[PDB]
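Before any comments, here is the structure.
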Amino acid sequence: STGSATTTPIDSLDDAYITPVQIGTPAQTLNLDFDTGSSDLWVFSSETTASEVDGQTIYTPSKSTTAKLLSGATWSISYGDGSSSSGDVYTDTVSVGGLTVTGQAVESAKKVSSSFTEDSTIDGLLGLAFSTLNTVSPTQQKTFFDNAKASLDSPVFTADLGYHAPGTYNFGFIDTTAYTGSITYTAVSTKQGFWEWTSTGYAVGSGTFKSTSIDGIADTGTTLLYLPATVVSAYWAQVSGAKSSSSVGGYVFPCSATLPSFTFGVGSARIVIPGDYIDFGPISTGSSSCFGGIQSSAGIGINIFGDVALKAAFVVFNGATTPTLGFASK
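Numbering (the entry's author numbering), first residue to last: 1 to 330.
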């Protein structure tokens, strides 16, 4: 089997991407944030504290003939940005782009943090990291991909995120029309539960490539590109007037600037992030200070190849017995 679904930016900045997901019988379609950095499929629901729901579409398990309470199971998750959610668990039928999993754990939120409430466009998350990170207790549950894997034509999914445009998540096949040149594959460590890999270096603009190992995670659920302070300083030094602002919470730059591109290495291959992908617009409405899309990972504890990086590539998440990651230009 295979599946193919369009993923759409939630706003004009590509702050996140939403993908429609069918849950239950008859189907209830919710728009979920596909997150290769976590491993829980959780949704706003009829059980979510009413004051914490503000425009989201909810899953109502009592209206699904295939929903079953997973008795005694609870979940609770916190993300890198300090947001969080928790609740109980149902199993139900879940379909993405024509690919159906029966008995998928659907984690129903009883509580969500303010950042989730305030984002009316995101009805929940669909985790695509390794199932070892799943938070359900006392019986850990599998991701949608893990459940689907044996049925797929090939044990893979691909992320093709757009810049200010829709893109595609495919399951079970590689669309050879969706990228240019060849796909370069690179080793993955699953030791921390992430799609963790080592970039071979970087360049700023038309500058020379610096060969240096940068361990990080491919994370569709993180907006920006978080890299070591040395690398990030080298990038922003090429933008007149750019500076790190403790008050704002990262590098800012004059909105009048033209940003240089940023290249990262994948083995001997190179992925080029155009300068415009690194612009996240005014820090507040009407400001002439703009927020940068490349930020320091210092104090995160891990480097994160988030959407800024991934949307410059066609990305293969290969879930074979020994997982790997592939990157192509597009």
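In this text, a Cβ means the ideal position worked out from N, Cα and C, and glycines have one as well.
Quiz item: Can you tell me the Cα-Cα spacing of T49 and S268, whole angstroms?
Solution: As a position in the sequence shown, residue 49 is number 49, starting the count at 1. As a position in the sequence shown, residue 268 is number 268, starting the count at 1. Answer to the nearest angstrom: the Cα atoms are 50 Å apart.
Exercise. Put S268 into one of helix, strand or coil per three-state DSSP.
Key: Here residue 268 is taken as the residue at index 268 of the sequence shown, counted from 1. Three-state result, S268: coil.
Quiz item: Any idea what DSSP makes of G80, helix, strand or coil?
Solution: Walking along the sequence shown from the start, residue 80 turns up at place 80. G80 falls in the coil class under three-state DSSP.
Quiz item: Is any beta-carbon of chain C found at less than 8 Å from that of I18?
Solution: The structure shown has no chain C; it contains just one protein chain.
Quiz prompt | Where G193 falls: helix, strand or coil (DSSP) | solution = Position 193 of the sequence shown, counted from the first residue, corresponds to residue 193. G193 falls in the coil class under three-state DSSP.
Quiz item: For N303, which option in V43, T19, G80 has the closest C-alpha, if you only look at C-alpha atoms?
Solution: Within the sequence shown, the letter at position 303 stands for residue 303. Ranked by Cα distance from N303, the options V43, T19, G80 are led by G80.
Self-check item: Bridge-paired residues (DSSP) for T263
Solution: Looking up residue 263 in the sequence shown gives position 263. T263 is bridged to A203, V272.
Quiz item: What runs of the alpha helix (DSSP H), each 4 residues or longer, lie entirely inside the stretch 109-145?
Solution: 114-117
Quiz item: In chain order, what residues of the same chain have a beta carbon less than 8 Å from the beta carbon of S120, not counting five sequence neighbours either side?
Solution: On the sequence shown, position 120 is the one that residue 120 refers to. Here the set comprises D54, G55, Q56.
Quiz item: If we ignore side chains and look at the alpha-carbon of each, how far apart do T60 and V96 end up?
Solution: Stepping through the sequence shown from its first residue, residue 60 is reached at position 60. Stepping through the sequence shown from its first residue, residue 96 is reached at position 96. Roughly 18 Å separates the two Cα atoms.
Self-check item: The beta strand (DSSP E) enclosing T223, as first and last residue numbers
Solution: Locating residue 223 in the sequence shown gives position 223, counting from the first residue. Taken as a continuous stretch (DSSP letters only), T223 belongs to no beta strand (DSSP E), as it is neither H nor E.
Practice problem: Please report how far the alpha carbon of residue 340 lies from the alpha carbon of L126, in whole angstroms. | Solution: Residue 340 lies beyond the residue range present for the chain, which begins at 1 and ends at 330; the question has no answer from this structure.
Practice problem: Please check the pair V248 and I283, which I expect to be a contact at CB under 8 Å, by giving their CB distance rounded to whole angstroms. | Solution: Within the sequence shown, residue 248 is the residue found at index 248, counting from 1. Within the sequence shown, residue 283 is the residue found at index 283, counting from 1. With 8 Å as the limit, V248 and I283 qualify as a contact, their Cβ atoms being about 5 Å apart.
Exercise. Count the other CB atoms, across all protein chains shown, that sit within 10 Å of the CB of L30; report buried if there are 16 or more and exposed otherwise.
Key: Taking the sequence shown and counting its residues from 1, the one referred to as residue 30 is at position 30. Per the 10 Å Cβ criterion, buried.
Quiz item: Taking DSSP as the reference, what is the three-state secondary structure of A150?
Solution: Here residue 150 is taken as the residue at index 150 of the sequence shown, counted from 1. Looking at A150 - three-state DSSP - the assignment turns out to be helix.
Exercise. Have a look at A203 and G193 and give me their C-alpha separation to the nearest angstrom.
Key: Counting from 1 along the sequence shown, the entry for residue 203 is found at position 203. Counting from 1 along the sequence shown, the entry for residue 193 is found at position 193. Straight-line Cα distance between these residues: approximately 29 Å.
Exercise. For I174, name the three-state secondary structure that DSSP assigns.
Key: Here the question's residue 174 lines up with position 174 in the sequence shown. It is coil, neither helix nor strand.
Quiz item: If you check the beta carbons only, do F317 and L325 fall under 8 Å apart?
Solution: Locating residue 317 in the sequence shown gives position 317, counting from the first residue. Locating residue 325 in the sequence shown gives position 325, counting from the first residue. The answer is yes: Cβ separation under 8 Å.
Exercise. Please report the Cβ distance between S213 and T200, rounded to the nearest whole angstrom; I am assuming they are in contact, meaning their Cβ atoms lie under 8 Å.
Key: Here residue 213 is taken as the residue at index 213 of the sequence shown, counted from 1. Here residue 200 is taken as the residue at index 200 of the sequence shown, counted from 1. Contact between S213 and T200 holds, since their C-beta atoms are separated by about 7 Å, short of 8 Å.
Quiz prompt | Residue range of the beta strand (DSSP E) that includes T208 | solution = Your numbering for residue 208 matches position 208 in the sequence shown. Where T208 is concerned, there is no enclosing beta strand (DSSP E), given that its DSSP letter is neither H nor E.
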